[PDB]
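Peer 1: Sharing a structure here in structure tokens format.
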Amino acid sequence: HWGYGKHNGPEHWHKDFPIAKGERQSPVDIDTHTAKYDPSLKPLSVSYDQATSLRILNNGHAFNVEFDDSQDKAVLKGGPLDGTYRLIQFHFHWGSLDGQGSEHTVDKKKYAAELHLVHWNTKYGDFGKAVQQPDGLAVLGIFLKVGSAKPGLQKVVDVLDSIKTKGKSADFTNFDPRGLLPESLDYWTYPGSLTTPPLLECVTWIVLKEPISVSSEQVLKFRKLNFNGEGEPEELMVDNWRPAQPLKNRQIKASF
Ligand SMILES: CC1(C)CC(NC(=S)Nc2ccc(S(N)(=O)=O)cc2Cl)CC(C)(C)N1O
Ligand SMILES: [Hg+2]
Ligand SMILES: [Zn+2]
């Protein structure tokens with residue numbers, strides 16, 4: 001099945017998922033001099049105070065911190081969005097080295113990693129229905145660079161030991177995602193897709209301009225995770241990022 005290696009990676013995905021070569025694929029390069037400020041954008045509203053995390057899972061591609069979305073608690077609204085989008089999970093994409101790891105790029109610059117906070121449109125009742133809609137998902141993307149530690153990331157870092165291999169999960173309650181956010185909510189936005197198979201074109205991307213800093217020791221622990229399952233040969237979970245895809249005349253709008 002699909003992965004990030006030479007024989008199952010992003011170059012191969014189109015065979016099982018033809019939409020890989022579609023009209024609104026993600027990620028993309030954000031060309032800052034082509035992106036236009038949009039006065040019609042309303043302020044972005046990220047309300048994570050009432051968020052309820054349940055557990056963390058190694059799914060053999062990345063790790064997901066999953067949230068209880070059976071009530072309107074952690075919500076993303078405003079900006080380019082119409083209505084209310086509920087937080088369901090977050091995960092990261094990262095590299096084997098600090099010079100790569102992000103999926104979106106900024107004037108071709110690759111960051112050390114990228115956080116995706118995934119939200120579904122409440123008008124569609126549940127996540128599975130939303131991913132069948134052009135405006136079913138909103139993903140908040142945040143770049144990570146290596147420098148000072150991110151205190152609010154440490155609880156995640158410390159639990160990775162318990163989920164080394166594919167299929168492992170651990171209880172992960174009372175994690176506050178507010179501690180992963182940069183100061184500024186300045187962002188670029190474009191219509192796109194999931195960056196993993198099934199690559200569905202259901203996402204409004206909201207990519208923050210300001211990166212968060214994480215320590216070298218924090219990212220190093222990300223790189224200790226395994227793609228493989230328990231008792232299998234060790235395949236380090238690194239470079240789990242899809243490269244930039246063709247923009248195809250889409251317009252990236254800036255909030256600033
Ligand atoms: C839609 C559902 C229920 C979950 C899907 N899981 C997804 S779409 N995981 C996922 C994969 C990639 C992203 S990303 N990188 O675009 O933020 C975000 C998410 Cl939630 C997989 C499929 C569509 C087969 N089923 O199981
Ligand atoms: Hg869709
Ligand atoms: Zn992602």
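Quick note on naming: the chains in the structure tokens go A, B, ... in the order shown, residues restart at 1 in each chain, and ligands are numbered from 1 in order of appearance.
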Residues within 8 Å of ligand 2, counting only C-alpha atoms and all ligand atoms: report them as a list in words.

Peer 2: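 My answer, listing the contacting residues, is residues 130, 131, 132, 133, 134, 135, 136, 193, 200, 201, 202 and 203 of chain A.
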
Peer 1: Which residues sit within 10 Å of ligand 1, counting only C-alpha atoms and all ligand atoms, listed as a PyMOL selection string?

Peer 2: chain A and resi 25-27+59+61-62+64+66+87-93+103+114-120+126-132+137-141+192-203+205+240-242

Peer 1: For the selection you just gave me, I'd like the residues written to a file as a PDB file, in the first residue's frame, keeping C-alpha atoms.

Peer 2:
ATOM      1  CA  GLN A  25      -4.095  19.291  -5.295  1.00  0.00           C
ATOM      2  CA  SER A  26      -2.102  20.100  -2.160  1.00  0.00           C
ATOM      3  CA  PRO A  27       0.404  21.063  -0.986  1.00  0.00           C
ATOM      4  CA  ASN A  59      -1.152   5.108  11.796  1.00  0.00           C
ATOM      5  CA  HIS A  61       2.273   7.372   8.110  1.00  0.00           C
ATOM      6  CA  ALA A  62       2.266   9.911  10.939  1.00  0.00           C
ATOM      7  CA  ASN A  64      -2.789  11.643  14.968  1.00  0.00           C
ATOM      8  CA  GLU A  66      -7.704  12.832  17.934  1.00  0.00           C
ATOM      9  CA  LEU A  87     -11.529  20.161  15.083  1.00  0.00           C
ATOM     10  CA  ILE A  88     -11.251  16.391  14.627  1.00  0.00           C
ATOM     11  CA  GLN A  89      -7.484  15.722  14.759  1.00  0.00           C
ATOM     12  CA  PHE A  90      -3.997  17.122  14.291  1.00  0.00           C
ATOM     13  CA  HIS A  91      -0.777  15.613  12.907  1.00  0.00           C
ATOM     14  CA  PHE A  92       2.577  16.644  11.516  1.00  0.00           C
ATOM     15  CA  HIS A  93       4.737  16.053   8.472  1.00  0.00           C
ATOM     16  CA  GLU A 103       4.547  20.158   2.661  1.00  0.00           C
ATOM     17  CA  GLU A 114       4.378  21.219   9.286  1.00  0.00           C
ATOM     18  CA  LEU A 115       1.431  20.881  11.651  1.00  0.00           C
ATOM     19  CA  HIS A 116      -2.038  20.209  10.229  1.00  0.00           C
ATOM     20  CA  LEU A 117      -5.093  20.890  12.394  1.00  0.00           C
ATOM     21  CA  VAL A 118      -7.995  19.230  10.563  1.00  0.00           C
ATOM     22  CA  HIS A 119     -11.584  20.557  10.889  1.00  0.00           C
ATOM     23  CA  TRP A 120     -14.861  19.449   9.272  1.00  0.00           C
ATOM     24  CA  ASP A 126     -19.926  14.171  10.203  1.00  0.00           C
ATOM     25  CA  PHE A 127     -16.368  13.879   8.871  1.00  0.00           C
ATOM     26  CA  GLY A 128     -17.125  11.073   6.373  1.00  0.00           C
ATOM     27  CA  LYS A 129     -19.848  13.160   4.706  1.00  0.00           C
ATOM     28  CA  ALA A 130     -17.746  16.348   4.701  1.00  0.00           C
ATOM     29  CA  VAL A 131     -14.900  14.750   2.693  1.00  0.00           C
ATOM     30  CA  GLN A 132     -17.380  14.228  -0.150  1.00  0.00           C
ATOM     31  CA  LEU A 137     -12.802  20.504   5.360  1.00  0.00           C
ATOM     32  CA  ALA A 138     -10.644  23.330   6.632  1.00  0.00           C
ATOM     33  CA  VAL A 139      -7.033  22.624   7.524  1.00  0.00           C
ATOM     34  CA  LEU A 140      -4.970  25.089   9.510  1.00  0.00           C
ATOM     35  CA  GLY A 141      -1.326  24.635   8.508  1.00  0.00           C
ATOM     36  CA  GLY A 192      -7.054  22.371  -2.221  1.00  0.00           C
ATOM     37  CA  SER A 193      -6.946  18.770  -1.058  1.00  0.00           C
ATOM     38  CA  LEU A 194      -5.907  16.176   1.497  1.00  0.00           C
ATOM     39  CA  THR A 195      -2.139  15.666   1.104  1.00  0.00           C
ATOM     40  CA  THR A 196      -2.345  11.898   1.734  1.00  0.00           C
ATOM     41  CA  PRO A 197      -4.407   9.305  -0.150  1.00  0.00           C
ATOM     42  CA  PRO A 198      -7.325   9.400  -0.911  1.00  0.00           C
ATOM     43  CA  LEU A 199      -6.210  12.988  -1.793  1.00  0.00           C
ATOM     44  CA  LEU A 200      -9.801  14.276  -1.871  1.00  0.00           C
ATOM     45  CA  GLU A 201     -10.312  17.836  -3.105  1.00  0.00           C
ATOM     46  CA  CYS A 202     -12.331  18.940  -0.099  1.00  0.00           C
ATOM     47  CA  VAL A 203     -10.015  21.350   1.766  1.00  0.00           C
ATOM     48  CA  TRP A 205      -6.262  25.538   3.317  1.00  0.00           C
ATOM     49  CA  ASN A 240       6.451  11.795   5.460  1.00  0.00           C
ATOM     50  CA  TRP A 241       5.655  14.884   3.349  1.00  0.00           C
ATOM     51  CA  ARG A 242       4.194  15.242  -0.134  1.00  0.00           C
TER      52      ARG A 242
END

Peer 1: Would you list the contacts of residue A:35 as a list in words, taking every protein, DNA or RNA residue within 9 Å and counting only C-alpha atoms, but skipping same-chain residues closer than 3 positions in sequence?

Peer 2: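 The neighbour list is residues 30, 31, 32, 188, 251, 252, 253 and 254 of chain A.
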
Peer 1: Any idea what the distance is between atom CA of residue A:112 and atom CA of residue A:34?

Peer 2: 23.8 Å

Peer 1: Going by DSSP on the backbone, which residues of stretch 50-195 of chain A come out as helix (DSSP H, G or I)? List them as a PyMOL selection string.

Peer 2: chain A and resi 122-124+127-130+151-163+177-180

Peer 1: Let's have the selection written as a compact mmCIF listing (two decimals), in the first residue's frame, with N, CA and C atoms.

Peer 2:
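File written: again-v7.txt
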# COMPACT_ATOMS: atom_id res chain seq x y z
N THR A 122 -19.55 21.63 9.87
CA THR A 122 -20.68 21.13 10.62
C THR A 122 -21.97 20.98 9.78
N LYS A 123 -22.13 21.78 8.62
CA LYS A 123 -23.34 21.57 7.88
C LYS A 123 -23.54 20.17 7.29
N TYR A 124 -22.47 19.40 7.24
CA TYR A 124 -22.45 18.03 6.69
C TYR A 124 -22.55 16.89 7.72
N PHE A 127 -17.59 13.81 9.68
CA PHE A 127 -16.37 13.88 8.87
C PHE A 127 -16.47 13.14 7.53
N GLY A 128 -16.99 11.91 7.57
CA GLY A 128 -17.12 11.07 6.37
C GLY A 128 -17.98 11.68 5.27
N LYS A 129 -19.00 12.43 5.66
CA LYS A 129 -19.85 13.16 4.71
C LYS A 129 -19.14 14.40 4.16
N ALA A 130 -18.45 15.11 5.05
CA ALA A 130 -17.75 16.35 4.70
C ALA A 130 -16.68 16.15 3.62
N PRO A 151 7.08 24.78 24.44
CA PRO A 151 6.64 24.14 25.69
C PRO A 151 5.36 23.35 25.51
N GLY A 152 4.43 23.90 24.72
CA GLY A 152 3.14 23.28 24.49
C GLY A 152 3.17 22.04 23.61
N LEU A 153 4.32 21.76 23.00
CA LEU A 153 4.51 20.52 22.23
C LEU A 153 5.03 19.36 23.08
N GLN A 154 5.58 19.66 24.26
CA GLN A 154 6.35 18.66 25.01
C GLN A 154 5.54 17.43 25.44
N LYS A 155 4.28 17.63 25.82
CA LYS A 155 3.40 16.52 26.20
C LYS A 155 3.26 15.52 25.05
N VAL A 156 3.17 16.03 23.82
CA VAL A 156 3.14 15.18 22.62
C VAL A 156 4.46 14.42 22.46
N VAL A 157 5.56 15.16 22.51
CA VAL A 157 6.91 14.59 22.40
C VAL A 157 7.12 13.44 23.39
N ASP A 158 6.71 13.67 24.64
CA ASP A 158 6.97 12.71 25.71
C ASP A 158 6.18 11.40 25.61
N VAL A 159 5.08 11.43 24.86
CA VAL A 159 4.23 10.26 24.73
C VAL A 159 4.60 9.38 23.51
N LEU A 160 5.45 9.90 22.62
CA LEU A 160 5.82 9.20 21.37
C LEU A 160 6.50 7.84 21.59
N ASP A 161 7.19 7.71 22.72
CA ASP A 161 7.79 6.44 23.17
C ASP A 161 6.79 5.31 23.19
N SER A 162 5.58 5.64 23.65
CA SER A 162 4.50 4.67 23.85
C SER A 162 3.81 4.26 22.55
N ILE A 163 4.07 4.99 21.47
CA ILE A 163 3.46 4.69 20.17
C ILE A 163 4.49 4.57 19.03
N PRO A 177 -4.51 22.36 22.43
CA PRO A 177 -3.86 22.71 21.16
C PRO A 177 -3.52 24.20 21.01
N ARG A 178 -4.03 25.03 21.92
CA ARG A 178 -3.69 26.46 21.94
C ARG A 178 -2.19 26.69 22.11
N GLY A 179 -1.51 25.70 22.70
CA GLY A 179 -0.08 25.79 22.98
C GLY A 179 0.79 25.48 21.78
N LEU A 180 0.16 25.22 20.64
CA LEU A 180 0.89 24.96 19.39
C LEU A 180 0.83 26.13 18.41

Peer 1: How many Å separate atom CA of residue A:227 from atom CA of residue A:175?

Peer 2: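 Straight-line distance from atom CA of residue A:227 to atom CA of residue A:175 works out to 24.1 Å.
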
Peer 1: With only C-alpha atoms as the atoms that count, which of A:238, A:9, A:47, A:28 lies nearest to residue A:107?

Peer 2: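 Going through A:238, A:9, A:47, A:28 one by one, the smallest distance to residue A:107 is for A:28.
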